[PDB]
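Those letters in the sequence shown? Residues 10 to 394, 409 to 615, 693 to 745, 756 to 1298, per the entry's author numbering, in order.
Heads up, the beta-carbon is just placed ideally off N, CA and C, and yes, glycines get one too.
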Amino acid sequence: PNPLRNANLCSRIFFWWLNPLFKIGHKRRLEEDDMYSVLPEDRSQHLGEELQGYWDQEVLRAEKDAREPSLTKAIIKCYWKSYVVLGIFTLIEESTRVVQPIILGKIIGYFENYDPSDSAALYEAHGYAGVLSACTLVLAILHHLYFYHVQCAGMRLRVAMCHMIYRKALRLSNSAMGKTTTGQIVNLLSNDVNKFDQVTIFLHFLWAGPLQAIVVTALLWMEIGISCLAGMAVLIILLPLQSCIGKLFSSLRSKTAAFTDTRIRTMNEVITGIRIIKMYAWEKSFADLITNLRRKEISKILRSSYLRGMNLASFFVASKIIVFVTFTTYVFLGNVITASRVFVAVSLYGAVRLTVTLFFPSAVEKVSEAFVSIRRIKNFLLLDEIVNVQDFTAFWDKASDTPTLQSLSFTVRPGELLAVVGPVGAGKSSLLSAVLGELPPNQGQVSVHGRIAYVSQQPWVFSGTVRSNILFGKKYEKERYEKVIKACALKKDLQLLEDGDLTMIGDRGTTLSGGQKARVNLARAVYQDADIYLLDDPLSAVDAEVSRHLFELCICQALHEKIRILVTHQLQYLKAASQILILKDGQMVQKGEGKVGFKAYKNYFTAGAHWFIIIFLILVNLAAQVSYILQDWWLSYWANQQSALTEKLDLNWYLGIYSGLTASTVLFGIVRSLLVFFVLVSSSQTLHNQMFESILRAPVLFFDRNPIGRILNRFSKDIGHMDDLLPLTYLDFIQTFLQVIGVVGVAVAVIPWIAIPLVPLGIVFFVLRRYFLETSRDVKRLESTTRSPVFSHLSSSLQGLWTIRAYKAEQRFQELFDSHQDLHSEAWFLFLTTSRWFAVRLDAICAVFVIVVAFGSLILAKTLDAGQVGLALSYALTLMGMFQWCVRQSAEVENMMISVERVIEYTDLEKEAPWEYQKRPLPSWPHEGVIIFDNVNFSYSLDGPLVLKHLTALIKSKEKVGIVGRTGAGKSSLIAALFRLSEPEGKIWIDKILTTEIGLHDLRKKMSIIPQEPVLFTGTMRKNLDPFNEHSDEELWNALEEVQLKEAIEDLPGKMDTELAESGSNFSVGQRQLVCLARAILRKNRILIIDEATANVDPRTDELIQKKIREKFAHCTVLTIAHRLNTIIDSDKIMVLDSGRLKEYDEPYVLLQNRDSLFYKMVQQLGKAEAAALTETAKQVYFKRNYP
Ligand SMILES: C[C@]12CC[C@H](OS(=O)(=O)O)CC1=CC[C@@H]1[C@@H]2CC[C@]2(C)C(=O)CC[C@@H]12
């Protein structure tokens, strides 16, 4: 529903149909459903289909030639017929813009020749004043039509482009999915396609600027003659100069984007891995790495911002220079300054200033930015894009030494389960992809019948309700739904959830546990009730008991009659499977906010520089605008002084002060524009370092009480604004605000009575502003909140591309994208239309001011000179567009300051205890590795429960101790206390030193940790092992041999200098664990803390790391958290935490022989044979340790 369909022409132009929503919004806060729908022209589907049609056409034409296709060509062939008629606005608007200076000139002419008693003269002047008023209204209306329509053009271009990007993304080949990663594609939408909103704004000025410059040259030629050409020479120097600056700025910005992208990726992994960075004490290395990336980036930003500031200063002072040279040569040729000529010419140059030195350079800049965007988009659009298997062989990459699947033949039929079994990387998932048909055969054939269900190994969940993620477009139905929810072992959680299965889910299921989203992902598949289930190991996404529970209930009971193809290692379940196919090396081996106060402004500007510099900044701004106003006032003063005069003015005095006034205007304009960027970029720099130091020393509790995305937004969005958009908007607002104050000041200074109409007029403005703002900030909230889901959907679909492609769900997912997109388009449509509603009426009251100035000058004409009125009116005419831009820019400024307020708070976080005390331990300390807990109590927060109480234990230099206990019993709490991840109560001694009497780095660097899950960081394999670069390469190779990885690195081209991926996918999980083990080996320390290190490792690798532990750390005291009690059963003693209480600490055999020990209960829970093995092992090692 949209009343713009029903609105009469007047209501279409002036948007009167928004008025009820203004009334509502003033009375109450606007919400998502207070929002009229977009017209059928703007609908995303209809609007993207056309551009794709023309892209197909141009691809075919280039295909018939040999050349590569052009995407700019498809865009033009599509949108030219609509966009070109918009130039009639531009044509009529710019033609009236050059006529209106002529009417102005005839008004000023009445004052130049004002006679005391001619009635007919007065009547004609009133006629021109009415014509001038009407010209102003028509200009305003055409301006607003044009800008409203080009903005809709840009919106539709973005919408169609985004539709195409999304359409292409769904069909990329898995090879294209390899060289392209989610972050790049999402940056397309989030960064590059947003450049199309700006493209269409100024393109009609690529011809109208030059054509209007030629027309203005002819008009000026009749006004003043040859002197016109000096100003036009300056104009044609500015054209190449400003266009070179714009292209060079675009180049610098294109390069700096790389540093920005690298910094944001490093910062993403820092914030994500901050706990391990803290335990390793590697904070110095990331401090350095981020410091250097940020230093490079801020140098690029400083240079880029100086270029942009020079372009802005060149616009601001363009007509000052153009007028200065024009009238300098005009007076050197013997002419005289008159108010009519001067201000007519000043007005014409004002028009040329806008179109040629603002809109034409702006167009070149934005087309350049658009071409880098279009190049990336074409590089994306051109990227590559019963059951029976026989003789199957295939390559992922023909450059491989071998095929990646080979010599494959098998068949499976209704009522069967086929297991795919074997080592990691044996091609099992690749096999499933082949059966799906994602991987075509290079030889052999695949044939399948019925619908296929593909369940990815990693779970996938998208927006909406958890039930929306499960149903996946299917009808909700009680019986099948209940059968699904019970078979997927999920009912309990959906009952415990207060909003049940209607709980809303985040961008990556961040509110869900891994097992929860896993069970969601499986439930989805089972709900589809397909014929063939390709089960790519759904079970490793849940705990071992739930894994067998899902195998029995979902796979055996629910999928009972189906074909199944289950990738798994749980061979113990496969007694119930029909057949197993074993792969190796790809070949078959076997077959069978919203408001901020003055304090935020002060803090922001003072974080940049010492307040003395800010006083100088204010003074430089005042001086810039004062010299501006004064140069124009000087022309008008010169015109009045000429008009008072044979003899002539002293060109030395007048032209000298003119030259000084104009030189200081240029000087302060330049320094003002540069110093704003320096101060505000130094502010962003200081605040980034303060926020980075705070986040580095902030306690872990800060990272529990914030999600990662929320903190990373401070570094991406908010600091992004503070580097790029905010300083530019500040300079824009400051420049426009001082212009407006100068207009009003000149007006009130020339006719003081204007102050009276200005009172009601000012009151109306302020009421209107308030009444608008109330709703304006609502829609800006609602724009942001409807923008975010779009990127979320893109990213989620990219992660789940296998599954949506498997379900043939591309159609519905394009509909979803279009729905999100057109919902955002309604918010963007209210942004556009509401911002026009306000701009129109601001220009309305501004036009009343123009009317008042004009007519009041005629009412008061006995009291004024021609140059006074010419000055006042020229300035008044300039108020149109300026004043509304000022007000809306002010709203932009205040909206961005919410980002500043969000980062300034993170400069004030609480901080952990100092890394080093004034007391420091001996360099030989720890000399023995003694650990003592004595009446220790520990809680993650002062307001939280005591998760550890009365913890009291000794750990000597030689013994090995296991840490055991139920989930949440406090095991991880012990690691947190020992590293002082939260400050413990009580006494902790290490080598007769209280851990609390030394710095955090003293003890953190002297304890080794093997995390629960390995993490690798982008950069060299040397960095991931020796980030401080103090070891010899001999030691690195010894360690890499010990961790059995040397062969892979030497096979890799760079050896240790090979560039690793941020997720380490270059290496297997076991290889990642081996990187961690290598780090621990290279750091010789007395005490090693092991965190569940092998609970999920395969036995044939677990025994390897067990042996490596027995060898490389035999001298160390070792504290081991372990689910896999076989990893710790040969400890000297074991600690059992009941619930924050050390209830057991004794020899494992002595414990287990007490059948009532909690440790014995925990082993018995495993099973009788497991407990028998564990007890026998403990008994024999206890005997042998008593024997020596
Ligand atoms: C033309 C004007 C207003 C007057 C300014 O002159 S200034 O001396 O006050 O800076 C410059 C200026 C800059 C940007 C202009 C603006 C008017 C409104 C415009 C055209 C839009 O919708 C998008 C860009 C906008």
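Span separating the alpha-carbon of residue i from that of residue j
{"i": "residue 451", "j": "residue 176", "result": "29 Å"}
{"i": "residue 760", "j": "residue 778", "result": "27 Å"}
{"i": "residue 1230", "j": "residue 1050", "result": "21 Å"}
{"i": "residue 356", "j": "residue 115", "result": "13 Å"}
{"i": "residue 814", "j": "residue 808", "result": "11 Å"}
{"i": "residue 548", "j": "residue 1124", "result": "30 Å"}
{"i": "residue 1154", "j": "residue 1119", "result": "20 Å"}
{"i": "residue 99", "j": "residue 217", "result": "7 Å"}
{"i": "residue 890", "j": "residue 725", "result": "32 Å"}
{"i": "residue 447", "j": "residue 570", "result": "19 Å"}
{"i": "residue 799", "j": "residue 1022", "result": "17 Å"}
{"i": "residue 844", "j": "residue 783", "result": "10 Å"}
{"i": "residue 43", "j": "residue 14", "result": "17 Å"}
{"i": "residue 733", "j": "residue 981", "result": "7 Å"}
{"i": "residue 462", "j": "residue 420", "result": "12 Å"}
{"i": "residue 1082", "j": "residue 811", "result": "14 Å"}
Check: residue i C-beta below 6 Å from any heavy atom of ligand 1
{"i": "residue 876", "result": "no"}
{"i": "residue 211", "result": "no"}
{"i": "residue 359", "result": "no"}
{"i": "residue 995", "result": "yes"}
{"i": "residue 779", "result": "no"}
{"i": "residue 156", "result": "yes"}
{"i": "residue 992", "result": "yes"}
{"i": "residue 207", "result": "no"}
{"i": "residue 849", "result": "yes"}
{"i": "residue 846", "result": "yes"}
Opening and closing residue of the alpha helix (DSSP H) in which residue i lies
{"i": "residue 492", "result": "489–494"}
{"i": "residue 827", "result": "Run containing residue 827: none; DSSP gives neither H nor E here."}
{"i": "residue 628", "result": "For residue 628, nothing is modelled; it lies in the interval where the chain passes from 615 to 693 with no residues in between."}
{"i": "residue 740", "result": "711–744"}
{"i": "residue 99", "result": "96–121"}
{"i": "residue 165", "result": "128–178"}
{"i": "residue 611", "result": "No alpha helix (DSSP H) holds residue 611; the beta strand (DSSP E) holding it covers 610–614."}
{"i": "residue 1086", "result": "1081–1088"}
{"i": "residue 476", "result": "First-last for residue 476: 475–478, but that is the beta strand (DSSP E), not the alpha helix (DSSP H)."}
Exposed unless 16 or more other CB atoms sit within 10 angstroms - verdict on residue i
{"i": "residue 609", "result": "buried"}
{"i": "residue 127", "result": "exposed"}
{"i": "residue 497", "result": "exposed"}
{"i": "residue 300", "result": "exposed"}
{"i": "residue 519", "result": "exposed"}
{"i": "residue 132", "result": "exposed"}
{"i": "residue 1073", "result": "buried"}
{"i": "residue 334", "result": "buried"}
Residue interval of the beta strand (DSSP E) (run including residue i)
{"i": "residue 1044", "result": "1041–1048"}
(Q) Quick test of the definition: if touching needs 3 or more C-beta pairs under 8 Å, does the region 1133–1147 touch the region 1054–1074? (A) no
Q: Evaluate the contact criterion for the region 344–355 versus the region 243–261: three or more CB pairs, one atom per stretch, below 8 Å.
A: no
Q) So, do the region 1159–1169 and the region 1126–1133 have three or more beta carbon pairs nearer to each other than 8 Å? A) yes
(Q) Below 8 Å, how does it come out for the region 82–102 and the region 946–965: are there three or more Cβ pairs, yes or no? (A) Segments in contact, no.
Q. Can you find at least 3 beta carbon pairs, one from the region 934–943 and one from the region 153–173, that sit closer than 8 Å?
A. yes
Q.
Across the region 990–1008 and the region 898–906, are there enough close Cβ pairs to call them in contact, namely three or more that are closer than 8 Å?
A. no
Q: Evaluate contact between the region 695–713 and the region 583–602, counting only Cβ atoms and requiring at least three cross-stretch pairs below 8 Å.
A: No: fewer than three Cβ pairs fall under 8 Å.
Q | Contact between the region 725–736 and the region 308–321 (3+ Cβ pairs under 8 Å) | A | For the pair of segments examined, the region 725–736 was found not to touch the region 308–321: the number of CB pairs separated by less than 8 Å stays below three.
Q. Are three or more beta carbon pairs between the region 1106–1115 and the region 1030–1040 nearer than 8 Å?
A. Enough Cβ pairs lie closer than 8 Å, so yes.
Q.
I'd like to know if the region 36–52 and the region 152–160 are in contact, where contact means that at least 3 CB-CB pairs between them fall below 8 Å.
A. no
Q. Are the region 208–216 and the region 428–444 touching by the rule of at least three beta carbon pairs closer than 8 Å?
A. Judged by Cβ distances under 8 Å, the region 208–216 makes no contact with the region 428–444, as fewer than three pairs qualify.
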